[PDB]
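Participant:
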Amino acid sequence: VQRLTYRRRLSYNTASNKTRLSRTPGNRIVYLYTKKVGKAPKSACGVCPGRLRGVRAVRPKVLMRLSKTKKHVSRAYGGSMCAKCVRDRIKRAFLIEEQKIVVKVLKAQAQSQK
Amino acid sequence: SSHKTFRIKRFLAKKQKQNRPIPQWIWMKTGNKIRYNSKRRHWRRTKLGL
RNA sequence: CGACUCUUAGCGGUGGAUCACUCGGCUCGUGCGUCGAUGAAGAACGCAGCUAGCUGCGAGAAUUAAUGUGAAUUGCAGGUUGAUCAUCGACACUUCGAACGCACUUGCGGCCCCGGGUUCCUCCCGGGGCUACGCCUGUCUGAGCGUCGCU
RNA sequence: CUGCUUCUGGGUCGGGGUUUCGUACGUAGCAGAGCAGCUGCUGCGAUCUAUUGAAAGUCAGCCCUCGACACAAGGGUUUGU
RNA sequence: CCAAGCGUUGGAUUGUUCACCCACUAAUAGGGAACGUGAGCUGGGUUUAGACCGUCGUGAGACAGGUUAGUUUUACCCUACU
RNA sequence: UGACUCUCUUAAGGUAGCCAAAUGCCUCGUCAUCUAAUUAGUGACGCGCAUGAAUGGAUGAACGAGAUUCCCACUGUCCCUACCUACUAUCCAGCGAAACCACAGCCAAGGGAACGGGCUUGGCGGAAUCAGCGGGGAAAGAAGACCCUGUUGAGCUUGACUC
RNA sequence: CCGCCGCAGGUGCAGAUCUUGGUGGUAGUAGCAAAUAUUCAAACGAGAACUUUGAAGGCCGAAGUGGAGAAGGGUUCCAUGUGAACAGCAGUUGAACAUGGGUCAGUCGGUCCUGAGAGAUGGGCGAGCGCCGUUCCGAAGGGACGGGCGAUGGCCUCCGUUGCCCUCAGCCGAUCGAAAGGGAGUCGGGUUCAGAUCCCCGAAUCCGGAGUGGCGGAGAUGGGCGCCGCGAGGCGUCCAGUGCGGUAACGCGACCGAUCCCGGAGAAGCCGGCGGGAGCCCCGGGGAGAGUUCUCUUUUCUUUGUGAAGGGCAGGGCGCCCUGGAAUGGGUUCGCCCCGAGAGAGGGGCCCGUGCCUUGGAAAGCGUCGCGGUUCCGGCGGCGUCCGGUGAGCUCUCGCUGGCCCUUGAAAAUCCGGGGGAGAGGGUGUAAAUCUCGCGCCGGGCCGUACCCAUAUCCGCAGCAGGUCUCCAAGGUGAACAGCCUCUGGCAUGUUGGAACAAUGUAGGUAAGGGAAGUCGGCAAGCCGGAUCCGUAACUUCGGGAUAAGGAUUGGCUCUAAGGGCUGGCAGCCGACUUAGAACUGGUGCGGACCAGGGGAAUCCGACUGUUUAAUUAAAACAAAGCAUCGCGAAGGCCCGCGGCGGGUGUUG
RNA sequence: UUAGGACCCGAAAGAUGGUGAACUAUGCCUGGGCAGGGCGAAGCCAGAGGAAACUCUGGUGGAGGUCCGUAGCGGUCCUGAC
RNA sequence: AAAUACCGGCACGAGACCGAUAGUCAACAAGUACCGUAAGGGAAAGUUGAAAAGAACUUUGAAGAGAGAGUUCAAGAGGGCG
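Chains as they are written, first to last, in the deposited numbering: chain Ag, 2 to 115; chain Al, 2 to 51.
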């Protein structure tokens, strides 16, 4: 049995000071200091609760190191918005734009008769 | 504590160098008044201020 | 009998009175009547061959120079073309401090200059000169459907 | 309050007497609820039974020792009509 | 009348002293000792501070009115006694 | 006894409730109940000194280191004390205070500042002591906290005075 | 130093609970009594109840007397001495004393960010020291992308480097504020008398950087004709190229681009349940060294590994996607819950991987068994460092999913992705501009770092039974982090010992018969106590009351039945823990210690939970939900302020 | 005999300007922490009884200023120790 | 300007003053040691001798502490010592 101490001077069980038991090649249990569970990024639409796919769930200041391809998925609004609410904002971006041309054509009627 | 400021560590550093006795040759002088160091301070007796 | 206890004297302890001194006071009088952004008062921290305090002092650190003084300093070592003291006009005077680049953690900046890294050609390291507010006179660049001006 | 050489004396130990508790360890048992293994033997097994009114304590403030073993022929301080 | 030698109790209710009652009893007499006795106790009662109620007061508050909660210290001296 | 009646009467005379209650002076109220006996508890009785409606009235399951009462069981609380254990106290080695202290330390009476350790008159009186001990020293403690006085104050209050 | 004659005064002490200093009696007295406890031998030494070492017997018993830190301390740390004084006996002993020695960092904190808040400037007030206020009454930006004449370093080549002035720009705030919040990145072995993530060896890693940019790779070597000649091909030209693959989720080692915009991470509460993962414990083996052996025991005990960072891999998870169309509704959980808004079913994709394996890596470490080096050493050899089963186990962690709120649980630094398309880039190459790709290169200053962390290093005048914030957490019994016992680790019974065992104490117990007669009062003590199994009233706000009350069993040993995985209505194979039943059996003992409710009938008050006089009152008092009025529609109510175009409620209605 | 420190010692107070929230009171910010059990609310599935609203039953579920109780927090009673 | 004020500051002279519990809080390592979080509070403490000649050497004890000696007019002046 290995009753073992902290290696830092933070003596409190705080958000920063969270550990894991790690057996060593000297054959003794000791604490390694676990980096926090950095989460995946979230969609810019902000409706889908499930976080993004193809982007690493990692601490935010780590992403300086990560390559471009680790950080975004290869698509328009890739790594910023969920693909489901991309293809709803492609249709709407077109079907609303189609509806504008029906207004452009119905305006070419109501004045030619007076 | 272990967690010190540089200014306080220089304060303590002076107080340690002031906590040594008289040299034995000092009271062999002509104008001999000093017998022993009266300003000697101990860590249980007097708590240094602070 | 003694032992114990009291009284007195001698001597001896305990204690620091008395008395005798006195490089300290207090009081009165006199002359003088001078601090500081050229960094004051104060504070910190340092410094001696052996030095803790006290004074003396400021990386040139119980002092340098200079003038005077003319042989010590001294607790103990050691090594006259001026020892040592006084004086002090030259120099020097680390850090905080009105405290002054922005902050009090002695933590972070800028610009110009120099030196290493080089052989200007940047980062880097070290060093240096500047960088506080209020105001005054002049300067400079400005601003205004202020007042007008000329096209 | 006593004891400290009648070849005697107390003590120490041991032996009896005493009483207390209630049947030791070991062995033996085709006594044992059974069950497990091998083809009747044999393992685990609370417990019961004999050995066994057994074992254990018992004067330190119990009784008698005449059995062992030593030890005891001292020291100190005072005291007179 | 001589007479204090020796006895004069167990309890219910109340802090009670005072009573009152049950029951025993030879009898259930009365007292004193700083209204014996808190470095002996107990703290129920009073009588600090907290609270509640009744009456009183404009009020703060008041009441030998009722109520609950509320620190009870020291002997090693000298005598006395053992 | 009081529905009812007559008058004075003020703002209107306490309604519903509740009670000798944490509220009743008298008081240990009266009656019942718990007892062998109860100034206790409880349920009733209301001219209630001086009950009463958000100054809240009446209740109330649950709850409470809240205040009372009776009952069963349990007990050294007691009748009535005894024994045992640990640590003390005790004795010794070493170590070593303090409170307190006019002088001090045996009584009875007397007088006295009316309750003497000393005075008066009698009792009488015998070194140095140890563990106890709580009678006394009107023991110690702290210039009474009660009480009154002072032309001494403070916290608070208001229909005090002056702002 | 003094007499006489004059002068002058801080001029005479027993008192003042006088002041200061000293010393008595008490008195060698009270005392050195909290938390179980010490004994034996030896050593050093003048000297031992205490020191040191060995052997005993003990305690703490993982919510510890253990191993570490924060705050505080400031050298107390460690060695070498002496042992005057101090450590309430002692002392060869100490945290005393005196001489010395000791704290090593890009990675661990501080620095940095902002929080509640603090606080300049403008402004306002102010007799004034100053004060208010912190975006409000302010000309509150000293930065870039752009264009010529000049100019300096370099063949002024043409950019770096400059200046004029012309295009271009919100945050709305200086500054401070956390050694527990945000916050890139260091771990493993070895070493000291005292220092380690700091030192040494070895493995990585983060940020920053470079003047004509140091290597490779990507950007980038496609298209279509026109002649030569047996064809590849050679060579002339008109063109392209700021990367590819997957139906998709998304992938590939890079994969241009500014002001602007947009979003994300940073960055979210407590509680419940479930799952995975480790560590730990447990279990059956195999090694190694010890323990026991008086009999029995294939036995009992210890030890039995593998860092950061890459890759691969199980393993979790998905509210991701693809064909596809479901009532006879299906899937699915402990609970949920999901579904034409596309369920089952199949094929994928992604995020997390703290587990396994591999590089690190056996070269170290550990267990051993030996050999040298008289001491000069990280000496050198031989072996081993194993194979399984495990589980509502415990703890930490990563998830899945709920429940509660008139409660919704931080900002900011910082970082990244996206959308835009101003630009830049070269003309078929010796390609260019450019790159979040793989190596390479250089750098990381400053301050803290010793030790105690509490019945002896802190604060209570002290080695004071007080107080003082956290981390790790073994075996048995058990519901249990309860209590008790033991292992690792630590200790010497808490400021003294020896000999007695009186009183009276303090703290424990035990009592015949009675039973509250004691007493203000059942105060103190006692009883009851666990679990299984019965049984459970009045009253009620139907929630409770309730463990009401009141009964029964409990030991040991031995069986029996029932309750499950797994591999291809079955057989085989690995079981881990309980419930139930009956036997047998002991002197009716058995929740055997420990743990651990006395119970009923009423009354008063307060609904309850909460709170309260720290140090005499824990209460019926306060609070409370509920209920009810009252003020106020903002130049307002209510309040503050010396003051103000002031401030709180107010980030309000 | 005064007035002044007025023979010396003595108040409870009154005033002015400063220092403190390391204890404690309260708000706020930011962190950490709280065994093991008992009762068993909503929702949910099956079943049983009758004609619907429905009524009974057995599981499941894990709420609560819930209860027993450790750590922590507090401080009742002994009016114990001291 | 001058006459005028001056319990601070520099350098001086003097006293019917005080003589170490006096005189300034301070004759001395005094605004020191020490106490309080801080504002602030704030001491005690002079003397060997003419000259250290400050007690060599011998001897008991583990040493402290002695006995002899020795210095000096005197240790009846032995390191806080007229």
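From the three backbone atoms N, C-alpha and C, an ideal C-beta is built for every residue, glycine too.
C86 (chain Ag) to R60 (chain Ag), Cα distance in whole Å?
Facilitator: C86 (chain Ag) and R60 (chain Ag): Cα-Cα distance of roughly 26 Å.
Participant: Can you tell me which residues form a DSSP beta bridge with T35 (chain Ag)?
Facilitator: Partner(s): none; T35 (chain Ag) has no beta bridge.
Participant: Would you call the stretch 29-45 of chain Ag in contact with the stretch 68-85 of chain Ag, where contact means no fewer than 3 C-beta pairs closer than 8 Å?
Facilitator: Enough Cβ pairs lie closer than 8 Å, so yes.
Participant: Are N38 (chain Al) and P22 (chain Al) closer than 8 Å when you measure CB to CB?
Facilitator: Yes, Cβ-Cβ distance for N38 (chain Al) and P22 (chain Al) is below 8 Å.
Participant: What three-state label does DSSP hand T20 (chain Ag) in the structure shown?
Facilitator: DSSP places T20 (chain Ag) in strand when its eight states are reduced to three.
Participant: Answer yes if the stretch 3-12 of chain Ag comes into contact with the stretch 24-39 of chain Ag, meaning at least three C-beta pairs across the two stretches below 8 Å, and no otherwise.
Facilitator: Taking 8 Å as the limit for Cβ pairs, the verdict is that the stretch 3-12 of chain Ag does touch the stretch 24-39 of chain Ag.
Participant: Quick one, are the C-beta atoms of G39 (chain Ag) and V63 (chain Ag) less than 8 Å apart?
Facilitator: Cβ distance < 8 Å, so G39 (chain Ag) and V63 (chain Ag) count as in contact.
Participant: Could you check if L67 (chain Ag) is buried or exposed, using at least 16 other CB atoms within 10 Å of its CB as the buried criterion?
Facilitator: It is exposed - the Cβ of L67 (chain Ag) has fewer than 16 other Cβ atoms within 10 Å.
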